[PDB]
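Q: I have a structure here, written as structure tokens, and I will follow up with some questions on it.
What is reported rests on the model, the rules as stated and the sources as named; no laboratory read-out is quoted. Every residue, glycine as well, gets a Cβ built from its backbone with ideal geometry; the counts of neighbours run over all protein chains shown.
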Amino acid sequence: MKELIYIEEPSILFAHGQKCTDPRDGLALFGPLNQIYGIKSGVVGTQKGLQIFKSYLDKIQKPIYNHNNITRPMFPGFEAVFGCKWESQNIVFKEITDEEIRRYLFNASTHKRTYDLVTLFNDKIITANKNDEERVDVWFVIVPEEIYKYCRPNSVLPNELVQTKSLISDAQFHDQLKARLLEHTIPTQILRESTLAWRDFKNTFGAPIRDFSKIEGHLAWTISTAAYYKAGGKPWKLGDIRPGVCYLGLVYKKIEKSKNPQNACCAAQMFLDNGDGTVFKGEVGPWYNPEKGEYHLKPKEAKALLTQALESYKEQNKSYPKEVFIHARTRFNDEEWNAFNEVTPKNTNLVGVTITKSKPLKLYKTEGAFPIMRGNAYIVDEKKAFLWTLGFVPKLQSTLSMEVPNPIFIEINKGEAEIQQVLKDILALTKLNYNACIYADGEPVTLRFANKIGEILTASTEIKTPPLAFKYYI
Amino acid sequence: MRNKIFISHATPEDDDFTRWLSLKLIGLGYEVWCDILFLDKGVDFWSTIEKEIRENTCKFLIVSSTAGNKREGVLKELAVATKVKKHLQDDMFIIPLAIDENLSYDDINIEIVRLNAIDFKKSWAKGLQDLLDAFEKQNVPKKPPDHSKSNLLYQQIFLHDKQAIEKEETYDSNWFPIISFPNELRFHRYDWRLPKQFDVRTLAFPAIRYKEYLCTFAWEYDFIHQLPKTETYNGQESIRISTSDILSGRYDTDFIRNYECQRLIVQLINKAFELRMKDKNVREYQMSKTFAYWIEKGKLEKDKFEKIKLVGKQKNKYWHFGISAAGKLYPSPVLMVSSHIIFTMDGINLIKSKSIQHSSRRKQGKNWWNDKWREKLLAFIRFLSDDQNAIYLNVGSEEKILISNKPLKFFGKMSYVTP
DNA sequence: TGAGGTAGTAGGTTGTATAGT
DNA sequence: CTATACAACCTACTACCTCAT
Ligand SMILES: [Mg+2]
């Protein structure tokens, strides 16, 4: 009978340096970490897109309840929640028209149809941002359904809608839109006409196609908390994080396009205590491995990344961090790490940590309907442990993984550290996701966003973008 | 002297607001008396409200919800402020907190219908400002705010009922450890007897081709019916590698490393499993990665095992609990079992299209809760077992792999009261 | 919340080495 | 060059997990 230690749940700290466990409650109770002058919201949507968005801004001022407000906290309303106004009176609109939508949308190719509406929005956004004397804190892209429906690979507009035959015989619109807008940094928050106005989108039966009555309070929390983060201030910070750590999350994406199938973009995302995050964009190499089904780096690029992270940290924090954890889902080749070692200052401790959600040690509580509460961990080796970032959470009285939860193996592949701090720091790092405001995420924010980030690297590759904060990459 | 801000509220209808107002207020400096903070146990408990309303309550806040006006307890709570409204002889002693978008005048109690509207309807924040700004206009007492107080309460009171508690609880794994491994692992320079082009997975034993040598836990003698003219191999000739060494890593051969060896056992273990289910009473669901095994309808009496219900019905489709075997060497070699829900319209004929299955599985899954998922799986392992302590996986006639039916148990102090 | 998309993981299908003409 | 004896992909298929949230 092995024994499970327990990791006390990390506390994220909100206004007045008062800390608790649920951002939803932490913000609702005290508000954001840095209260901000009111958000000025630009809209890049159909004249309808404005009314819906306006429906939301107006809607969220008032409280909005979830189905059960223990499992999902209610949303007091934006002003009560964030102590500032995200006013619908104050919108700064750049219109798009069906004529624009129809004209661009219809092209036979998905890609020529995608890449150009993407181009359309940016000029509309870019023109507003660069040109405006008037300033908008966030640009919200209100995507008519007609865009969402058809701007993805594998979605086939009938041959009976296409005005022009394809000129010749990536493609996800929103990510691209973030990617193109990447070189000039602007915060893009993308919304779907359907989500904002979901009861105004009935199906043939006349019931709404997607019905959110259960989680409507929740949506606002996710949107605002993200909207809040883009507009300036972070909602919250990790409460008791020992000074001077660096969490670095290694992100790659395979570039399918290259004839040689090793062409995968590379990144590292730097998190300290806030999760505002900094995304260090690495340039494109032969990272993917055919034999190994793995991602990896040559030292010379690898040295630039750690350094790019270390130096920016220093420009940021006036010293080199005394502890650096590099997380990734893969083991580290000794040569790859040794590249990392060499760049690193002498007394800084560099830890590589492989967080792999392989399907192991599904643990079933003996008694009761509910599963093992989250924070239980089993420690395999001084090096290797299993962490439950998912599982029943009593503040919620709900389980976080809605099935029996799957713990994540954590191994300090390279470097030496106390596994107990590792589990701790990772349990902490699930608390930092500004964009999806939940009690905690399954994955630490280091590697949580890689799959989304990965598209963004590749979708824009000409660019050599400076290291940037998350809101830009969100 | 009187400092308090008593909040009269309906529960649980205005609980979300009442809790928000008090905590926000308490944090702001105010002293708030609300039922929400306490856990009263006394006859006076009505009295406590009355004494507090009677004497120390500077302001009476009442939740102006439809429920609040029609509530017996609140209406009783209300009774005093009016009784005590005069004594104060302050007009603004009672404050309707109109939090409800939908109050007919008819609902509103007459006493407070008259009164001024503290509008939490349009926004909660404006209402707080309005409630507070009204507090400025009349000098309602305050302390410098310490939100520390605000969430000491929230953390201590509201969160009191459910939090991590030092409790003891054991959890059953889905890793059922292998018990016994064949004393040696041997490699046969099968050579001429060996044909590369043949497939051995109709060889009724775990066999895989590594290099030019032959790999398995079956002694060389084991394959006859399907491998002729191999009475020609010296007993001596094949390598005979200590298994009890390999897990250790005691065996590293520059020709082949333990990592290589460790990977190898696993196809066998899984294969060993795959065969045994060939003859262990369960029809197998095939997923591309590996097979899933679900007992057919009626195999177990009334479709239940050991009191567990491993076959059932959903809609027009029967569901059949099924399982898979991952075998993993490390940290401790074990059989890993992931659980499945197969689907049949009729008791033994499998459903054609996954999409119906994927829908079935998600729809069916919602019913089973941690308690249910564990019992069915353990029983299913319990079901397979060919003996009291373990399952039997047959590599070879004299060589067998034994895996405990009951998975590893982890005991942790620290758990939560079941709601 | 849930209809989606992702991420494991095997493999059989497949594209490269070897080898003999 | 062209047989194949193999290597290393690529592909369903499924359990999770996310978002144009
Ligand atoms: Mg988002």
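Q: Assuming A:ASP334 fulfils every condition listed in (1) crowded, with 17+ Cβ neighbours inside 10 Å; (2) away from every other protein chain (no Cβ under 14 Å); (3) over 30 Å from A:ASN34 (Cα atoms) apart from one, which condition is it?
A: (1)
Matching residues to (1) touching a helix residue (DSSP H, G or I) at 6+ places or on another chain (Cβ under 9 Å); (2) buried (at least 20 other Cβ atoms within 10 Å of the Cβ); (3) of a type in the set (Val, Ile, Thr):
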residue	(1), (2), (3)
A:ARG374	yes, yes, no
A:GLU382	yes, no, no
A:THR399	yes, yes, yes
A:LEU423	no, yes, no
A:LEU427	no, yes, no
A:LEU432	yes, yes, no
A:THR458	yes, yes, yes
A:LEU468	no, no, no
A:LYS471	yes, yes, no
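Q: Collect the residues in segment A:432-456 that are in contact with a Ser or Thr (Cβ under 9 Å, 6 or more places away or on another chain), away from the ligand (no atom under 16 Å from the Cβ) and within 18 Å of A:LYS357 (Cβ to Cβ), keeping them in residue-number order.
A: Correct list: A:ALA440, A:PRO444.
Q: If you scan segment A:173-200, which residues turn out to be within 16 Å of A:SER460 (Cβ to Cβ) and surrounded by fewer than 18 Cβ atoms within 10 Å (Cβ to Cβ)?
A: A:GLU183, A:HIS184, A:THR185
Q: Now for a separate question. Report whether or not B:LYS229 is basic (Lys, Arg), in a loop (DSSP other than H, G, I, E, B) and within 16 Å of DNA strand D (Cβ to nearest atom).
A: Values: basic (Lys, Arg): yes; in a loop (DSSP other than H, G, I, E, B): yes; within 16 Å of DNA strand D (Cβ to nearest atom): no.
Criteria not met by B:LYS229.
Q: From the residues in segment A:147-186 that are in contact with a strand residue (DSSP E or B) (Cβ under 7 Å, 6 or more places away or on another chain) and within 13 Å of DNA strand D (Cβ to nearest atom), which one is nearest to the other protein chains (Cβ to nearest Cβ)?
A: Of segment A:147-186, the ones in contact with a strand residue (DSSP E or B) (Cβ under 7 Å, 6 or more places away or on another chain) are A:148, A:174, A:177-178, A:181, A:185-186.
Now restrict to residues that are within 13 Å of DNA strand D (Cβ to nearest atom): A:148, A:174, A:177-178.
Numbers: A:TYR148: 22, A:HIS174: 26, A:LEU177: 31, A:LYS178: 31 Å.
Per the stated criteria, the residue is A:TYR148.
Q: Just to be sure before I move on: is A:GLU79 among the charged types (D, E, K, R), touching a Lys or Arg at 6+ places or on another chain (Cβ under 6 Å) and away from DNA strand D (no atom under 16 Å from the Cβ) in the structure I sent?
A: Values: among the charged types (D, E, K, R): yes; touching a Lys or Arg at 6+ places or on another chain (Cβ under 6 Å): yes; away from DNA strand D (no atom under 16 Å from the Cβ): yes.
When the stated conditions are applied, A:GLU79 passes them.
Q: Please go through segment B:183-208 and pick out each residue that is out of contact with any strand residue (DSSP E or B) (no Cβ under 7 Å at 6 or more places or on another chain) and either surrounded by 15 or more Cβ atoms within 10 Å (Cβ to Cβ) or within 14 Å of chain A (Cβ to nearest Cβ) (or both). Break it down into steps so the answer makes sense when it comes.
A: Looking only at segment B:183-208, we keep the residues that are out of contact with any strand residue (DSSP E or B) (no Cβ under 7 Å at 6 or more places or on another chain), and these are B:183, B:191-193, B:195, B:197-204.
Listed by number, the residues that qualify are B:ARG193, B:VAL200, B:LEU203, B:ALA204.
Q: Going by the conditions given, is A:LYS359 within 11 Å of chain B (Cβ to nearest Cβ) and touching a helix residue (DSSP H, G or I) at 6+ places or on another chain (Cβ under 8 Å)? Walk me through it before giving the result.
A: Working: within 11 Å of chain B (Cβ to nearest Cβ): yes; touching a helix residue (DSSP H, G or I) at 6+ places or on another chain (Cβ under 8 Å): no.
The answer is no for A:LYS359.
Q: If you scan segment B:135-157, which residues turn out to be touching a strand residue (DSSP E or B) at 6+ places or on another chain (Cβ under 7 Å) and away from chain A (no Cβ under 12 Å)? Give the steps one after another, and end with the answer.
A: Here is the first cut: in segment B:135-157, the ones touching a strand residue (DSSP E or B) at 6+ places or on another chain (Cβ under 7 Å) are B:140-141, B:147-148, B:151, B:155.
Listed by number, the residues that qualify are B:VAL140, B:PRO141.
Q: Can you pull out every residue in segment B:329-372 that is away from DNA strand C (no atom under 12 Å from the Cβ), closer than 14 Å to B:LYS313 by Cα and among the charged types (D, E, K, R)?
A: Scanning segment B:329-372 gives a single hit, B:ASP346.
Q: State yes or no: is B:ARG201 of a type in the set (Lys, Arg) and farther than 13 Å from B:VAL395 by Cα?
A: Values: of a type in the set (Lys, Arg): yes; farther than 13 Å from B:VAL395 by Cα: no.
Criteria not met by B:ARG201.
Q: Pick out, from segment A:65-153, the helices (runs of 4 or more DSSP H) lying fully within it that include 3 or more residues that are more than 22 Å from the chain's Cα centre (by Cα). First the steps, then the outcome.
A: Details: elements: A:78-82, A:98-105, A:110-131, A:145-150.
In segment A:65-153, A:98-105, A:110-131, A:145-150 are the helices (runs of 4 or more DSSP H) which contain 3 or more residues that are more than 22 Å from the chain's Cα centre (by Cα).
Q: Still on this structure, please answer the following. Take segment A:144-191 and flag every residue that is within 16 Å of the ligand (Cβ to nearest atom) and of a type in the set (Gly, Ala, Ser).
A: A:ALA179
Q: Which residues, counting only those in segment A:46-81, are within 12 Å of another protein chain (Cβ to nearest Cβ) and among the aromatic types (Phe, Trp, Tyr)?
A: A:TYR65, A:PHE75, A:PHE78
Q: Is there any pair with a first residue in segment B:383-394 that is over 14 Å from B:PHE181 (Cβ atoms) and a second that is among the aromatic types (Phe, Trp, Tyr) and surrounded by 15 or more Cβ atoms within 10 Å (Cβ to Cβ) whose Cβ atoms are under 6 Å apart and which are 6 or more apart or on different chains, and what are they?
A: B:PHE383/B:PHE305; B:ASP386/B:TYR392
Q: Given segment B:300-419, what strands (runs of 3 or more DSSP E) lie entirely inside it while holding 1 or more residues that are within 14 Å of chain A (Cβ to nearest Cβ) and surrounded by fewer than 18 Cβ atoms within 10 Å (Cβ to Cβ)? Can you show your working first?
A: Working: elements: B:311-314, B:317-328, B:334-346, B:390-393, B:401-404, B:409-415.
Here the list reads B:334-346, B:409-415.
Q: Just to be sure, is A:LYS253 assigned by TED's automatic domain parsing to the domain that holds A:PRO444, buried (at least 21 other Cβ atoms within 10 Å of the Cβ), more than 30 Å from A:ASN347 (Cβ to Cβ) and not aromatic (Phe, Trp, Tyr)? I'd like the intermediate steps shown before the answer.
A: Working: assigned by TED's automatic domain parsing to the domain that holds A:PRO444: yes; buried (at least 21 other Cβ atoms within 10 Å of the Cβ): yes; more than 30 Å from A:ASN347 (Cβ to Cβ): yes; not aromatic (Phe, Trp, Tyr): yes.
So A:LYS253 fits the description; yes.
Q: Somewhere in segment A:341-354, is a residue surrounded by 24 or more Cβ atoms within 10 Å (Cβ to Cβ) and part of a strand (DSSP E or B)?
A: Taking segment A:341-354 first, the residues surrounded by 24 or more Cβ atoms within 10 Å (Cβ to Cβ) are A:353.
Next, only the ones that are part of a strand (DSSP E or B) stay: A:353.
Scanning segment A:341-354 turns up at least one residue that is surrounded by 24 or more Cβ atoms within 10 Å (Cβ to Cβ) and part of a strand (DSSP E or B).
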